[PDB]
Amino acid sequence: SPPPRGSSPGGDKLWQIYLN
């Protein structure tokens with residue numbers, strides 16, 4: 001998922017579910 005997080009809605013959403 002996009003590293004900056006808050007640069008892509010789905011990116012941050014599936015970030016917090018993937019690395020978090």
# chains A, B, ... in the order shown; residues from 1 in each chain; ligands from 1
call {"tool": "residues_around", "arguments": {"residues": "residue 20 in chain A", "least_positions_apart": "5", "cutoff": "12 Å", "atoms": "only C-alpha atoms", "output": "list in words"}}
result
residues 1, 5, 12, 13, 14 and 15 of chain A
call {"tool": "select_by_dssp", "arguments": {"residues": "chain A", "states": "alpha helix (DSSP H)", "output": "number ranges by chain"}}
result
A: 9-13
